[PDB]
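Novice: my sequence and its experimental structure, below.
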Amino acid sequence: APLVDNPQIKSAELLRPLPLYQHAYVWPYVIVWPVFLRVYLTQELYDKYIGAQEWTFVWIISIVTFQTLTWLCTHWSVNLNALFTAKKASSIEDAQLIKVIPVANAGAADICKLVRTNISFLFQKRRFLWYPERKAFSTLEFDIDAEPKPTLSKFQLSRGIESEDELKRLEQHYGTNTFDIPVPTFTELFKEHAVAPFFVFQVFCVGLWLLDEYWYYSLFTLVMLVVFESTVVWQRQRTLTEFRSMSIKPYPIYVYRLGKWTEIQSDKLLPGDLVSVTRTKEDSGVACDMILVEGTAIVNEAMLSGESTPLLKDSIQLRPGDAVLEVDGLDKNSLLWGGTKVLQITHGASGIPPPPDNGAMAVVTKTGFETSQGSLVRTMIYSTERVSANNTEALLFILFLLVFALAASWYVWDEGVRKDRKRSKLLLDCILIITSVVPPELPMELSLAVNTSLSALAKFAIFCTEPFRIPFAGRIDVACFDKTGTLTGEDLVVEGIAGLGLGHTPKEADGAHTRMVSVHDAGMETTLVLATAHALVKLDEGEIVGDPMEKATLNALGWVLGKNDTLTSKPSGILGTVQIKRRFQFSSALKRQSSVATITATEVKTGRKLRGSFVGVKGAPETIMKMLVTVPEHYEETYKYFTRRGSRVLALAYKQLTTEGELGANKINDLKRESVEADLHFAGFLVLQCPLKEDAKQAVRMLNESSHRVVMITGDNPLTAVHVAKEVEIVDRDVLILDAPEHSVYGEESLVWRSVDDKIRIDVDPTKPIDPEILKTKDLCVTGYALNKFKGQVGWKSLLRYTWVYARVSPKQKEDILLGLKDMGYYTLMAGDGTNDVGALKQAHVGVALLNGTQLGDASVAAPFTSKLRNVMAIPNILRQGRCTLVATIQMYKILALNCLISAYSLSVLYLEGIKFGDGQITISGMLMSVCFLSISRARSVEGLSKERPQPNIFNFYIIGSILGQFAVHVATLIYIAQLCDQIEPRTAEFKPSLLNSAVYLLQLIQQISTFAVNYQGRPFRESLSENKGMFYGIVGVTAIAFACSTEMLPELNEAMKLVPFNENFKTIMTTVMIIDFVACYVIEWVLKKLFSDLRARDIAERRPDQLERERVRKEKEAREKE
Ligand SMILES: Nc1ncnc2c1ncn2[C@@H]1O[C@H](COP(=O)(O)OP(=O)(O)NP(=O)(O)O)[C@@H](O)[C@H]1O
Ligand SMILES: [Mg+2]
């Protein structure tokens, strides 16, 4: 819509509210009320149209029903609210209401209120302001969000807010800095929930049963509806409370307001306000997004990204003030994001005095609900696709049930018309028959199953942010995995330093130098690079924190770490002091990390005094071989041999900028990234044996043997990824790597299929399609370079269908892989840890962030699913719960509808003969069905996954066929019992006990019990009926009650429900009929479950016969070893 210029807003219309007397649910019904009044009190129209006082009551009920329906249509439909309440008056200068309809599956539509001079409104707790130059409502624009990018001179010399009237203008404009989610009480939430259409339908059914003189049954179902809606309201309140726990509590911060330092809570924070950041306390990150002006902040973005590696946010005072701000470039580490824990504040411009507490100066950019964590919280709460939104499949199923209802009700209306019954009683019977089929809990059953799955998943420390991806986990075809941090533990051990003799020794046939010296016996330059090229920082308490790889190589180095970013070695191969002056941070797209430092290092055995400035860079060996001077002979073969064993290899390089002396202050030290990560020498290879997680192999073999495909997406080498995937059993056949034959600047021009042992070499033109022999008989590994060369070609859709290891991929390449896998129709799971997967975690159908730590807030916004533990077994469990979710939904979609259908036709078999159900009988039947529902609701899951897959859709052949077959069996037994009862006694108004009423009541009781016992899903996805002995005994108790009052063994139970005594031959025939009905229902359900319930695995997840034979042999061996 041009009125609101946002991508998530579909329609916007500037309404104007009308008075209450002009409302469309008031004025025409007030107009037509005296017509009915003149019909009623004035005679000669009493017999003209209505004819009776019961018809008068029917017309009064119909008019009141139409009035309350026209009132409720303004509440359960936004467009009908705009039609019936407010006139259009499409002009900006007089509008007061804005109808906002968002795009599909992006929250609930609303009629927002215009508040104003700045014209604004609030939709989904997002503030929209009217711009007259654009002539449209739009999202709030900050100083950062300006289209001309501001210079740093307005940020270094910001000096805080300097005007009181401008402070009040900022307060009225951007609002206060709070996570404004209002949790509702029980009263207003139940008031909103009592206006929902299925509550209205249930209350209308209660009134219909009350009109037919059913006191106890209507009271029971009203009490049950009240407590069920109370349960739903408490569930929604609990969910909103756990969402409210994600908010940062206010804590006193020192801001610079009116030229003075002032302590104030974090609820009052406006953009452009100068603030001082210190060490944050527990259960609090920082409030809102800031940019560092003066100081260095060691922060931890465990909220925005899954990993807990602390980054080193620098300042902007070293950058010139005339430079254009680059949020995605040099000043990426300049900003500080909200919700993130700052681990340290160190000082290593505007003339302002320093803060009383030793903190860094920052400027607020994005405050309130529009900060990045807050903008994710707004999407996760108000702008998400809700589980409780009524699907069209459930409504079409309800319409199918209503089609069956009308099929029964038309026949009972024709039979009552032909037999000349009372038309009001016949109409009430037909409306009762129609209304006894729609199950009011049916559209909300998926939400209940999702909530039960969330409560089950919270046991394994798995917290789900967006609960509409729980059914998606029931239909996952591809289960993508990261390698490092997901299938690999964080306790890395340094194997050592390799390739010291490159260009200067055991050599293989391909020339690979296998001499791996230890870190202590390494050279001086290798030791200085390992002491220089890291992002390690010592906290004020005295704990070294950083990358686990950098911590591992620090512990292998034997060098202590000082206070002012210095590292010393006391009298281990060399002795001296290094001090890092500038530090270029590591990026996943660059695959390197460099640092400029000052060295004073002496070798203990020869001397060789190395002083002065130094550049140490470590990274991926292909990038380093691209950016050094002279590539040594057999460079590629060394790292390919040390990667063929599965170890992770980095390259270390050094460059002396000034040699003897010093570089000179920080004026020269402000160099460029591309001007210092070039013309390098070679220092060595850092080889680390990254250890596999203990649960990785078991979880991946559980996923592969359960109709899921496991692929590996990782930024590491092809050989490490291939060796891990062979250990974890992702790749079974011979593998082929699609990569450049040489990773130099000239050799990166063609693509080659290569073997791991470097024996097969096949040239590939990327425009030509892939050879089908390679796709069919070989597993494939694809490098991100070869993926980038396959961006817009025909073979790419082949590659994503036949590759299970992706290596050397950028985060954008992981996003491209997951988008392409989404585009082919495969549902995707992505399990990731680092900041290289946050694009991938938000593009998969379900994304899990594996927080590597072993023993509501502190839940990351990087992924919709967050596993607090480090185990890989949290990945199948989610999928298991997802499958169970669908399975639970399926069983309720097979029970409730069938239950209602039975009840409807039972009423029909009564209402064909003029007899009605007893009040006590139908109340006892409803109580027993509620008892069986409570008995069947409590069921856990099995300890493993299965090859069968549940059907996601509800209109499949299995569910519809089973329901139709069981309904046909039930209606055949009901018709036969009715004909037998008419045969025994002829048919010739209060409730009087009869043989037909007792037989129909006993049949509907035993048929509801039979469809509870038959349609319960069992062994392939959950426990069986016999295993939950509480559930089995609860079903068997009602079974024994029904069969005891059917055998006439207890006359007290038969006289309690007003059941006539039965003839012995009739009793035997009816017991045989009940057994035949239960047996036929179980046979039909078992046949249709064995035939059509198993949703077939897709072609990417189908396994070859040798894999199935190996799986069967291993399962037989484990079953033998169990004995
Ligand atoms: N601290 C580091 N310093 C230098 N280079 C690094 C560092 N960490 C990773 N790299 C390199 O960056 C490359 C790709 O970046 P990245 O994807 O972040 O590593 P990764 O964690 O192994 N990928 P992944 O397995 O998906 O988590 C790796 O193959 C390493 O060579
Ligand atoms: Mg990772």
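Specialist: Received the coordinates, thanks. Numbering: from 1, shown residues only. Ligands and ions are numbered 1, 2, ... in the order given.
Novice: how about residues contacting the host helix or strand of residue 526?
Specialist: Per DSSP states H and E: residue 526 is located in helix 524-532. Helix 524-532 has contacts (Cβ atoms under 8 Å, 6 or more residues apart in numbering) with 497, 500, 519, 522, 553, 557, 559, 567, 573-574, 578, 580, 595, 597, 599, 601, 603, 608, 610, 614-618, 652-654, 681, 683-684, 686. To be clear about C-beta, it is placed using only N, CA and C from the backbone, and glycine gets the same treatment.
Novice: from the chain's centroid, how far away is that helix?
Specialist: From the chain centre to the centre of helix 524-532 is a distance of 44 Å (Cα atoms, centre = their mean, to the nearest Å).
Novice: so whatever helix or strand comes next after it, near ligand 1 or not?
Specialist: Remark: after helix 524-532, the chain's next helix or strand is strand 537-538, criterion DSSP H and E. No: Strand 537-538 lies out of reach of ligand 1 by Cβ under 6 Å from any ligand atom, never closer than 13.4 Å.
Novice: immediately after strand 537-538, which helix or strand?
Specialist: strand 544-545.
Novice: who in the stretch 401-550 of the chain is up against ligand 2?
Specialist: Within the stretch 401-550 of the chain, the positions near ligand 2 by Cβ under 5 Å from the ion are 482, 484-485.
Novice: so which of the contacts of helix 524-532 are in helices?
Specialist: 553, 557 (DSSP state H).
Novice: can you select the buried ones from the contacts of helix 524-532 in PyMOL?
Specialist: Selecting the buried subset of these in PyMOL, with 16 or more other Cβ atoms under 10 Å as the burial test, is done by:
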select buried, resi 497+500+519+522+553+557+559+567+573+574+578+580+595+597+599+601+603+610+614+615+616+617+618+652+653+654+683+684+686
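Novice: which among the contacts of helix 524-532 are in contact with ligand 1?
Specialist: residue 618.
Novice: what's the domain layout of this protein?
Specialist: Using automatic domain parsing, the domain parsing of the chain gives 9-147, 253-381, 393-444+886-1092, 471-489+692-872, 493-687.
Novice: list the residues that contact the closest residue to ligand 1 within the stretch 851-1000 of the chain.
Specialist: Residue of the stretch 851-1000 of the chain nearest ligand 1, by Cβ to the nearest ligand atom: residue 852 (11.3 Å). Counting by Cβ under 8 Å, 6+ apart, residue 852 touches 307-308, 485, 489-490, 833, 870.
Novice: hmm, 10 Å instead?
Specialist: 306-308, 485-486, 488-491, 548, 693, 833-834, 867-871 (Cβ atoms under 10 Å, 6 or more residues apart in numbering).
Novice: circling back to that earlier point, TSV please, covering the domains of the chain and showing distance to residue 217.
Specialist: Formatted as TSV, the domains of the chain follow (distance: least, Cβ to Cβ, whole Å):
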stretch	distance to residue 217
domain 9-147	20
domain 253-381	40
domain 393-444+886-1092	5
domain 471-489+692-872	35
domain 493-687	65
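Novice: relative to ligand 2, how far out is residue 963?
Specialist: According to Cβ to the ion, to the nearest Å, residue 963 and ligand 2 sit 47 Å apart.
Novice: what's the answer for residue 715, then?
Specialist: 8 Å.
Novice: so what's the residue count around the residue nearest to residue 370 when sequence neighbours are not counted?
Specialist: Of all residues not flanking residue 370 in the chain, residue 140 sits nearest, at 6.2 Å (Cβ to Cβ, 6 or more residues apart in numbering). Residues near residue 140, counting by other Cβ atoms under 10 Å, number 19.
Novice: OK, contacts around whatever residue of the stretch 751-900 of the chain ends up closest to ligand 1?
Specialist: Using Cβ to the nearest ligand atom, the closest approach of the stretch 751-900 of the chain to ligand 1 is made by residue 836 at 4.2 Å. Residues in contact with residue 836, defined by Cβ under 10 Å, 6+ apart, are 305, 307, 482, 484-485, 587-589, 713-715, 809-814.
Novice: swap in 7 Å and give it another go.
Specialist: For residue 836, the contacting residues are 588, 715, 811, 814, by Cβ atoms under 7 Å, 6 or more residues apart in numbering.
Novice: so the third one is in contact with residue 587, correct?
Specialist: Just to be clear, that refers to residue 811. No: assessed by Cβ atoms under 7 Å, residue 811 is found out of contact with residue 587, at 9.5 Å.
Novice: between these two, tell me which one has more neighbours.
Specialist: residue 811 (20 against 16).
Novice: still on that earlier bit, surely the residue of the stretch 751-900 of the chain closest to ligand 1 is within a helix?
Specialist: No: counting by DSSP: H, G, I helix; E, B strand; the rest coil, residue 836 is not part of a helix but coil.
Novice: quick one: contacts of stretch 1039-1055?
Specialist: 1002, 1005-1006, 1009, 1057, 1059, 1061-1062, 1067, 1070-1071.
Novice: quick one, which of those residues are buried?
Specialist: Buried among these by 16+ other Cβ under 10 Å: 1002, 1005-1006, 1009, 1057, 1059, 1062, 1070-1071.
Novice: out of these, name the ones that lie in helices.
Specialist: Going by DSSP H, the helices hold 1002, 1005-1006, 1009, 1070-1071 from those.
Novice: from the residues you listed, pick the one nearest ligand 1.
Specialist: Nearest to ligand 1 among those, with distances taken as Cβ to the nearest ligand atom, is residue 1009, at 54.1 Å.
Novice: you'd agree that closest one is up against residue 1038?
Specialist: Yes: at 5.6 Å, residue 1009 counts as touching residue 1038 under the criterion of Cβ under 7 Å.
Novice: what do those two both touch?
Specialist: With Cβ under 7 Å, 6+ apart as the test, residue 1009 and residue 1038 both reach residue 932.
Novice: tally of neighbours for the closest residue in space to residue 1018 that isn't next to it in sequence?
Specialist: Excluding the flanking residues, the one nearest residue 1018 by Cβ to Cβ, 6+ apart is residue 1024, at 4.4 Å. Neighbours of residue 1024 under the rule other Cβ under 10 Å: 13.
Novice: how is residue 1024 assigned, secondary-structure-wise?
Specialist: Quick answer, by three-state DSSP: residue 1024 is coil.
Novice: go ahead and confirm it touches residue 1016.
Specialist: No: with contact defined as Cβ under 7 Å, residue 1024 does not count as touching residue 1016 (8.6 Å).
Novice: tell me, how many residues neighbour whichever residue of the stretch 701-850 of the chain sits closest to ligand 2?
Specialist: Nearest residue of the stretch 701-850 of the chain to ligand 2 (Cβ to the ion) works out as residue 834 at 3.3 Å. Using other Cβ under 10 Å, residue 834 has 22 neighbouring residues.
Novice: what of residue 261?
Specialist: 17.
Novice: isn't it right up against residue 352?
Specialist: No: using Cβ under 7 Å, residue 261 is not in contact with residue 352; the gap is 9.1 Å.
Novice: test my guess that residue 579 contacts residue 595.
Specialist: No: between residue 579 and residue 595 there is no contact under Cβ under 7 Å: 10.5 Å.
Novice: so which of the ones in helices among the buried ones among the contacts of stretch 1039-1055 comes closest to ligand 2?
Specialist: For those, the residue nearest ligand 2 by Cβ to the ion is residue 1009; the value is 53.2 Å.
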